[PDB]
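*Asks:* Sequence positions in the sequence shown follow the numbering used here and run 591 to 813.
Virtual Cβ for every residue (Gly too), placed ideally from N, Cα, C.
Would you mind keeping the following structure in view while I ask a few things?
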Amino acid sequence: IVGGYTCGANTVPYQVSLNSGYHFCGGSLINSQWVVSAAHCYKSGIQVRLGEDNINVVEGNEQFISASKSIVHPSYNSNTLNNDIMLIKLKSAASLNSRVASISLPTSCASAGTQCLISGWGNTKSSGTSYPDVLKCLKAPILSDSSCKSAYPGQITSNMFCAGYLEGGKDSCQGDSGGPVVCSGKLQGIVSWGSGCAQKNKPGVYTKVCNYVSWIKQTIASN
Ligand SMILES: O[C@@H]1[C@@H](O)[C@@H](O)OC[C@H]1O
Ligand SMILES: O[C@@H]1[C@@H](O)[C@H](O)OC[C@H]1O
Ligand SMILES: [Ca+2]
Numbered sequence: 591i592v593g594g595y596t597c598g599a600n601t602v603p604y605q606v607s608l609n610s611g612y613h614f615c616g617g618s619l620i621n622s623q624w625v626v627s628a629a630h631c632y633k634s635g636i637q638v639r640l641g642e643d644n645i646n647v648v649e650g651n652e653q654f655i656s657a658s659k660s661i662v663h664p665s666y667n668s669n670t671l672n673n674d675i676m677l678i679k680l681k682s683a684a685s686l687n688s689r690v691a692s693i694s695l696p697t698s699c700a701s702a703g704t705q706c707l708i709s710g711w712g713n714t715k716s717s718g719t720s721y722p723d724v725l726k727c728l729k730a731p732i733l734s735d736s737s738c739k740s741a742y743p744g745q746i747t748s749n750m751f752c753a754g755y756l757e758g759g760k761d762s763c764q765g766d767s768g769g770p771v772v773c774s775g776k777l778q779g780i781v782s783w784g785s786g787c788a789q790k791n792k793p794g795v796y797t798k799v800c801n802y803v804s805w806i807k808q809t810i811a812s813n
């Protein structure tokens, strides 16, 4: 997260860190046994880390649970990042409490202009590299489809939306991928891609979760 703020420990209780020896992506807890992330975060050997703030210090609210199964969206295209979504099942159910909690799936898509909360442990610099240890937050609006498509000609599908600031300076970034975009208490986006980070006229591009609720629900019901 570039241009954001320190969330505060466990203030984003659905935020998960995906760990393969090191943090490499975010994700979102959607029930006690399932995490939503970006398909481009797929790898083998994922441990899901819940209840994290400082990802380099054991502070006392962590739950570390290995993944039992990963399901990349059937139509994920790694070249275009269309359908950049995957589901991760935990080997055991997380213990849900105030600091570790699921986030609701949307019942409708969010409109341009809605303000959302974006969070992650990604890079905090737009020209340079500094990875934070504690969770960073950014409040950002969803952008219009016309400004999104004009920022990224030929690249925005119906499964994507832009959020952020066309002036630059505030964005998600590398290491935030897979994490949440939450708007009015619903998971509306997944951190997916962008050109650099926090660049002028290059806002963040997010997986449009509302398009996937039927796939998410049926997948969970059968796995
Ligand atoms: O985002 C672009 C993607 O849509 C495709 O065109 O491959 C090149 C990328 O820059
Ligand atoms: O019990 C585990 C604890 O040892 C670790 O510190 O955080 C994750 C928990 O699952
Ligand atoms: Ca920790």
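Please go through the same chain and pick out, in chain order, the residues whose beta-carbon is closer than 6 Å to the beta-carbon of residue 767, but skip the five residues on each side of it.
*Replies:* Same-chain partners within the cutoff: 615, 628, 631, 781.
*Asks:* Starting from the N-terminal side, write out each stretch of the alpha helix (DSSP H) that is 4 residues or longer and does not extend beyond the region 748-808.
*Replies:* The qualifying runs do not exist here; there are none.
*Asks:* Using a strict less-than 5 Å threshold between each residue's beta carbon and the heavy atoms of ligand 1, what residues do you get?
*Replies:* Ordered along the chain, the selected set is 670, 745.
*Asks:* If you follow the beta strand (DSSP E) that residue 679 is in, where does it begin and where does it stop?
*Replies:* Its beta strand (DSSP E) spans residues 676-680.
*Asks:* Ignoring anything shorter than 3 residues, give me the beta strand (DSSP E) runs that lie fully in the region 667-737, in order along the chain.
*Replies:* Here the runs fully enclosed are 676-680, 705-710, 726-731.
*Asks:* State yes or no: is the C-beta of residue 609 nearer than 7 Å to some heavy atom of ligand 3?
*Replies:* False, no ligand heavy atom lies under 7 Å from that Cβ.
*Asks:* Should residue 614 be counted as a contact of ligand 2 given a C-beta to heavy atom distance under 7 Å?
*Replies:* Because no heavy atom of ligand 2 lies under 7 Å away, the Cβ of residue 614 does not count as near it: no.
*Asks:* List the whole-angstrom C-beta distance separating residue 605 from residue 769, where the pair is believed to meet the contact cut-off of C-beta under 8 Å.
*Replies:* Contact flag correct, Cβ pair sits at about 6 Å.
*Asks:* What do you reckon, are the CB atoms on residue 657 and residue 603 nearer than 8 Å?
*Replies:* No. Outside cutoff.
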